[PDB]
Amino acid sequence: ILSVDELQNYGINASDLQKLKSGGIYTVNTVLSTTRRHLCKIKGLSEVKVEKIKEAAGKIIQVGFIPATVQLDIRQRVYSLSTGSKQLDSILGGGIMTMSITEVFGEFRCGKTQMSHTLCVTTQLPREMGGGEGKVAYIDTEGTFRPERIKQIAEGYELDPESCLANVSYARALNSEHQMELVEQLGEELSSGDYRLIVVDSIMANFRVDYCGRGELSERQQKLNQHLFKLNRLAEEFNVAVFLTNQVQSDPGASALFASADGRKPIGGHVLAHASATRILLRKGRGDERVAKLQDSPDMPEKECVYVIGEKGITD
Amino acid sequence: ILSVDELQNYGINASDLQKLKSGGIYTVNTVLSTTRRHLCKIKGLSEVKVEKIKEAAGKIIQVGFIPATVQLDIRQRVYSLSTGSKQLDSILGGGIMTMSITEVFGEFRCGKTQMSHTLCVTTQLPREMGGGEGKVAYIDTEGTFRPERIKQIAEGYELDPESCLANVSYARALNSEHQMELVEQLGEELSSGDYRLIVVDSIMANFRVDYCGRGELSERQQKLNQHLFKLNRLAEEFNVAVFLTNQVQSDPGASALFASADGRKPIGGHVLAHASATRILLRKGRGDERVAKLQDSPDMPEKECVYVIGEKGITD
Amino acid sequence: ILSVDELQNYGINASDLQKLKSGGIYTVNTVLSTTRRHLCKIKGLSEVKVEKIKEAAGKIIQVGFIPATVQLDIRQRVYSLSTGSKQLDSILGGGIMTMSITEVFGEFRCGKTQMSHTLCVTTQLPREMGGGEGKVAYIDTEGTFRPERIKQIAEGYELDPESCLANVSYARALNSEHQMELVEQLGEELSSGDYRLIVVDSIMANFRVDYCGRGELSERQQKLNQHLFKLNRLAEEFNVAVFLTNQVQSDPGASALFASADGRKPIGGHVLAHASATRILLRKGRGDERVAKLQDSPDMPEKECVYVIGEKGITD
DNA sequence: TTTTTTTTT
DNA sequence: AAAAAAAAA
Ligand SMILES: Nc1ncnc2c1ncn2[C@@H]1O[C@H](COP(=O)(O)OP(=O)(O)OP(=O)(O)O)[C@@H](O)[C@H]1O
Ligand SMILES: Nc1ncnc2c1ncn2[C@@H]1O[C@H](COP(=O)(O)OP(=O)(O)OP(=O)(O)O)[C@@H](O)[C@H]1O
Ligand SMILES: Nc1ncnc2c1ncn2[C@@H]1O[C@H](COP(=O)(O)OP(=O)(O)OP(=O)(O)O)[C@@H](O)[C@H]1O
Ligand SMILES: [Mg+2]
Ligand SMILES: [Mg+2]
Ligand SMILES: [Mg+2]
């Protein structure tokens with residue numbers, strides 16, 4: 001995709017181009033999707049440079065009203081990534097859609113952190129297999145990124161492990177304000193390359209800790225909203241899917257609607273329920289088989305799939 | 001591992017270095033994994049000192065995107081500690097993995113407090129035996145730390161008791177807010193030395209008491225989450241394993257899923273189920289033989305091992 | 001042991017010292033083992049007084065990480081109290097260990113309320129006999145504290161009855177919320193004196209009644225946990241043993257594990273099974289001889305002893 | 001917006 | 001074989 005260098009020949013001459021890049025801006029799209037107010041906060045582009053930069057960036061491409069069908073076409077390069085269990089891919093429409101945020105929340109031992117590895121391995125398969133020719137970005141917020149698992153699943157999928165463990169990029173976010181730093185940089189590698197999905201285990205494992213009590217709740221939800229917006233924007237201007245794992249909390253309140261089943265009601269509140277495009281609840285079933293329920297999708301209606309997490313990732 | 005003195009020659013000059021250390025910060029890593037907001041709460045580093053400190057600490061080492069394989073390598077120094085029963089070490093992949101939290105929960109007389117002593121003794125064995133060249137930190141929240149047992153097990157393992165009883169460090173946490181104080185200090189001794197595992201008998205024996213009733217539940221779960229995060233962080237930036245013993249509660253609710261077996265459903269809720277990387281349920285079997293079931297691991301799938309707690313710790 | 005007056009000369013000046021004492025706090029240790037939150041609920045020490053009090057109390061003594069061996073030494077003053085039947089004292093390691101909770105549960109006529117008298121009398125013997133130079137605290141929750149029995153056993157042990165019946169302190173708890181009141185006060189007499197063991201016949205004889213039905217079960221288990229924690233703490237900061245008698249319930253459920261022997265499964269649930277350090281089951285044998293089985297100890301493994309309750313207490 | 005607890009006969 | 005109740009930042 002065109003970089004922030006194409007407009008370098010429009011008067012934007014790269015004296016401050018280093019300034020721009022340092023700010024994270026690497027593509028042209030990211031120049032259009034950045035508010036002026038935020039662009040005049042990078043210490044060296046005050047007012048007029050930003051006006052000329054925006055005039056240029058708009059001269060490259062236009063954002064008006066593509067009627068509806070040029071959209072349906074531009075919407076054809078979605079690369080629905082397979083999850084590994086035919087039933088689930090069928091209930092989701094083929095798998096994890098790209099240029100969108102897909103969230104998975106359930107109590108422990110539901111393998112919602114194993115679906116991450118299954119995707120990490122099943123994204124490097126030819127398009128006619130479910131994924132395709134894509135690297136992966138992985139942001140771990142609770143550890144548990146065992147590459148041994150990646151190699152096991154690769155071998156089980158008839159694929160050179162060494163190869164796959166090379167197309168993955170790993171980053172161990174340490175605290176919330178570092179997790180948010182990471183996405184900015186991530187805006188770079190996605191500028192030139194083939195990244196299909198970004199993965200965030202426990203999107204809120206950190207925020208749950210850096211902000212404790214309803215004394216600092218609002219300041220947490222606001223940071224979380226900014227973080228989720230940055231993601232949803234990346235996943236959109238790079239045709240990249242986003243996969244977030246979430247957690248569950250128990251409601252010590254009433255015994256209605258209905259009487260039981262506490263392993264629900266994810267954490268994050270509404271700021272995260274809205275931002276997520278697809279929601280999925282993973283529940284424990286019988287023996288070693290779990291139930292995946294769809295709860296919020298714009299394409300599908302609803303259903304319940306059953307899947308067993310075996311030795312080749314998520315299957316049945 | 002490098003201390004917080006290496007950057008002392010970067011402008012951080014140690015005028016306030018005592019301030020920093022008093023705050024618990026002893027290594028450089030701990031400087032990177034501490035949010036600014038929390039660092040400007042130590043009464044003497046307001047804004048700019050923290051900025052320069054972070055610039056320095058980042059100048060020493062980088063945290064970007066190690067692709068995947070440098071990870072698989074850096075992940076090679078795991079020191080899987082043996083538990084003492086070949087079958088169990090085989091079901092866990094070799095034993096208690098380091099840089100991770102392993103939880104063990106079951107009803108009384110399951111010796112989940114005896115596995116602690118068995119580890120305390122079996123951590124000081126050459127790596128080719130299961131542990132290796134490591135001291136031990138022990139935080140007792142219910143008493144029952146009989147060093148006599150440590151000496152008995154040592155003698156049974158052909159090892160100088162006096163020696164082992166010297167490489168152990170003991171602390172009797174008195175109340176929750178003291179148990180949480182202890183880990184901060186513990187951040188110090190782990191700065192320079194050879195500590196392999198930290199042990200916490202009844203991670204929640206105290207929290208269960210300092211906060212009674214669902215009137216103060218949330219305020220308990222939040223403190224517990226902070227405490228568990230601090231641990232998981234220590235165990236990660238020091239290549240040290242963490243071993244927590246938990247307790248069991250009975251569900252006076254329905255008679256489904258299935259009809260019986262009440263000695264399950266540990267306490268702590270979900271805040272502790274997520275934070276734990278490995279879960280293990282210890283159940284009473286026949287005669288003097290117990291059954292260890294694995295329930296949540298990122299490496300293994302699942303299995304049931306059988307072990308007898310004899311006079312040399314946990315064996316068969 | 002040092003009182004709460006030693007720190008009186010640290011700024012804590014005794015203006016509110018009466019406030020502190022009224023709260024039960026009499027020693028310094030009890031000041032360290034009391035959470036701040038609970039200390040700012042005594043109506044006259046809000047925030048700063050508690051901070052200075054804790055600073056002082058910590059200035060007297062330190063609680064860090066005594067490595068392991070200073071522990072094995074400080075653990076040398078255990079005063080294992082003899083029970084009266086050589087076989088039982090041998091199966092327990094010498095008798096009832098101090099600074100620990102020992103529970104005894106069995107069906108009626110097992111004399112689990114006679115072992116209480118036997119201890120009451122066999123605690124005032126020179127250390128080389130099994131007990132030693134200790135008064136006794138007795139909390140009766142079902143009556144049946146016949147001092148005549150105490151005098152009979154004393155005479156049988158070659159000891160001045162009048163003397164022993166003076167070193168005993170008796171309290172007839174009337175209801176649960178009074179039984180819990182009693183331990184607080186008890187925290188006083190143990191401040192200055194020689195008390196070796198505390199005794200509680202039917203630790204749950206009252207709780208079984210003040211809270212009926214699973215509608216108020218949780219509120220009963222929580223109070224019981226608080227009560228047991230207070231005990232375990234007293235028994236620890238005063239080198240005093242605790243001896244609890246329990247009761248038995250019958251399981252109208254299945255006929256497995258194995259088919260019979262209903263006189264087991266004590267009451268109290270798990271909140272009491274964990275808190276107890278040593279468990280013992282008293283069963284009826286042949287003629288006038290009972291069988292004592294050990295079930296949960298941190299020192300011993302396991303065994304079955306046989307003892308006959310004769311006219312000199314518990315013997316064979 | 002956050003946060004589960006507790007066997008009896 | 002069949003039994004519920006518990007708040008507070
Ligand atoms: N190769 C394997 N290694 C480890 N576990 C496996 C393997 N194959 C299957 N499993 C099983 O699959 C399940 C995986 O759980 P999973 O990783 O989804 O937990 P999680 O929900 O991601 O973690 P948490 O909920 O604690 O964040 C476990 O029950 C595990 O035992
Ligand atoms: N040397 C020994 N000393 C004491 N008990 C032993 C010994 N060897 C084996 N045992 C037995 O092993 C078991 C140990 O129980 P364990 O210490 O695991 O209880 P726990 O579950 O840790 O304690 P709790 O559940 O009360 O927190 C007991 O049944 C005990 O009798
Ligand atoms: N001097 C004595 N006076 C009374 N009974 C005695 C005496 N000596 C021996 N016994 C016998 O020893 C046994 C004592 O029973 P014990 O006092 O242990 O009952 P308990 O289990 O404590 O009470 P409960 O189970 O009702 O709470 C009885 O069988 C009793 O007849
Ligand atoms: Mg997980
Ligand atoms: Mg124990
Ligand atoms: Mg009795």
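With coordinates expressed along the principal axes, the C-alpha atoms belonging to region C:195-245 extend over 38, 18, 10 Å, beginning with the largest.
For C:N175, the point set 7 Å out from Cα toward Cβ sits 2.8, 5.2 nm from its twins in the other copies, listed from shortest up. Partner shielding of A:173-185 amounts to 3, given as the average count of beta-carbon atoms from other chains within 10 Å of each residue beta-carbon. Computed from Cα positions, the angle between helix C:147-156 and the longest principal axis of chain C comes to roughly 70 degrees. Convex hull of alpha carbon positions in region B:110-158: directionally averaged projected area 3.7 nm². Multiplying the residue separation of C:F108 and C:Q249 by 0.36 nm and removing their Cα-Cα distance gives an extension gain of 49.7 nm. Look at the stretch B:143-150: the mean tally of other chain Cβ atoms within 10 Å of its residues' Cβ atoms is 5. Per-residue 3J(HN,Hα) values for region B:30-35, derived from phi via the Karplus relation 6.51 cos²θ - 1.76 cosθ + 1.60 with θ = phi - 60°, read 4, 6, 6, 8, 10, 4 Hz in sequence order (x marks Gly and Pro).
Going by average Cβ density within 10 Å per residue, which order do the peptides C:146-155, B:12-21 take, highest to lowest? Before the final figure, lay out the partial values.
Values: C:146-155: 17.2, B:12-21: 14.6.
Ranked from most to least packed, the peptides come out as C:146-155, B:12-21.
Bridging of C:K151 to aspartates and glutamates at a Cα separation below 15 Å is possible for C:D160, C:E162, C:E311, once same-chain residues fewer than 8 apart are set aside. With the cut-off at under 17 Å, measuring from each backbone N in region B:178-210 to a point 7 Å along the Cα-to-Cβ line of C:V63 picks out B:178-186, B:200-210.
Which pairs, out of B:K86/C:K112; A:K223/C:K54; B:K112/C:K112; A:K312/B:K59; A:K41/B:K59, put more than 30 Å between their alpha-carbon atoms?
Among B:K86/C:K112; A:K223/C:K54; B:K112/C:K112; A:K312/B:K59; A:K41/B:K59, the Cα-Cα distance tops 30 Å for B:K86/C:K112; A:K223/C:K54; A:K312/B:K59.
Work out the FRET efficiency for B:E47 and B:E188 from their Cβ-Cβ distance, taking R0 = 30 Å, and round it to the nearest 0.05.
The formula returns an efficiency of 0.70 here.
What net charge do the residues around B:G263 carry, taking every other residue with its C-beta under 10 Å from that of B:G263, with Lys and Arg at +1 and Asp and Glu at -1?
Numbers: positive: B:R264, B:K265, B:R283, B:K284; negative: B:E107, B:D262.
For residues surrounding B:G263, the net value is +2.
If you build the Cα gyration tensor of region C:1-120 and take the root of 5 times each eigenvalue, what three semi-axes come out, in whole angstrom, biggest first?
Working: eigenvalues 301, 77, 28 Å².
Semi-axes, largest first: 39, 20, 12 Å.
Phi angles of region C:67-79 translate, via the Karplus equation with coefficients 6.51, -1.76, 1.60 and θ = phi - 60°, into HN-Hα couplings of x, 8, 8, 3, 5, 3, 7, 3, 7, 8, 8, 9, 6 Hz per residue; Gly and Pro are given as x. Placing one equal scatterer on every Cα of region B:212-284 and applying the Debye formula, the log10 ratio I(q)/I(0) at q = 0.15, 0.17 Å⁻¹ is -0.66, -0.80. 3J(HN,Hα) along region C:195-210, derived from phi through the Karplus expression 6.51 cos²θ - 1.76 cosθ + 1.60 where θ = phi - 60°, amounts to 10, 8, 10, 9, 10, 9, 5, 6, 3, 10, 4, 8, 3, 4, 10, 5 Hz, with x in place of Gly and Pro. For region A:56-192, the spread of Cα coordinates along the three principal axes comes to 48, 38, 32 Å, biggest extent given first.
Helix-only estimate, please: 222 nm mean residue ellipticity of chain A, summing -39500 (n - 2.57) across DSSP H runs of length 4 or more and dividing by its residues, to the nearest 500. Could you put the intermediate results ahead of the total?
Numbers: 13 runs with 111 residues, N = 316.
Estimated from H runs of four or more residues: -9500 deg cm²/dmol.
Roughly speaking, what % of Cα-Cα pairs in chain C are separated by over 31 Å, rounded to a whole number? The share of Cα pairs beyond 31 Å in chain C comes to 35 percent. The calculated FRET efficiency for the pair A:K284 and C:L257, based on their C-beta separation and a Förster distance of 35 Å, comes to about 0.85.
For B:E289, the point set 7 Å out from Cα toward Cβ sits 3.1, 3.1 nm from its twins in the other copies, listed from shortest up.
Could you tell me what percent of the DSSP beta bridges with both partners in the protein assembly as shown are antiparallel, to the nearest 5? Display every interim value, and only then the final one.
On the way: 56 of 131 bridges.
Around 45 percent of the beta bridges assigned by DSSP in the protein assembly as shown are antiparallel ones.
When the P(r) is computed for region B:1-53, the part past 15 Å accounts for 38% of the Cα-Cα pairs.
Per-residue shielding of B:268-275, expressed as the average number of other chain Cβ atoms within 10 Å of the residue Cβ, stands at 5. Among residues of chain A, the one whose beta-carbon sits closest to the A-to-C rotation axis is listed with its distance in Å as A:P252, 1.
Antiparallel beta bridges, as assigned by DSSP with both residues in chain B, represent about 40 percent of the total such bridges. For the protein assembly as shown, the fraction of alpha-carbon pairs lying more than 40 Å apart is 48 percent, rounded to a whole number.
Mean projected area of the convex hull spanned by the Cα atoms of region C:108-253, taken over all viewing directions: 9.9 nm².
Among the chymotrypsin sites (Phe, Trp or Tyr not before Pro) within region C:35-108, those in coil by DSSP and having at most 13 neighbouring Cβ atoms inside 10 Å are C:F108.
Computed from the coordinates by the stated procedures, all read-outs in this text should not be read as laboratory data. For neighbour counting, all protein chains shown are included, and Cβ atoms are generated from backbone atoms with ideal geometry for every residue, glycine included.
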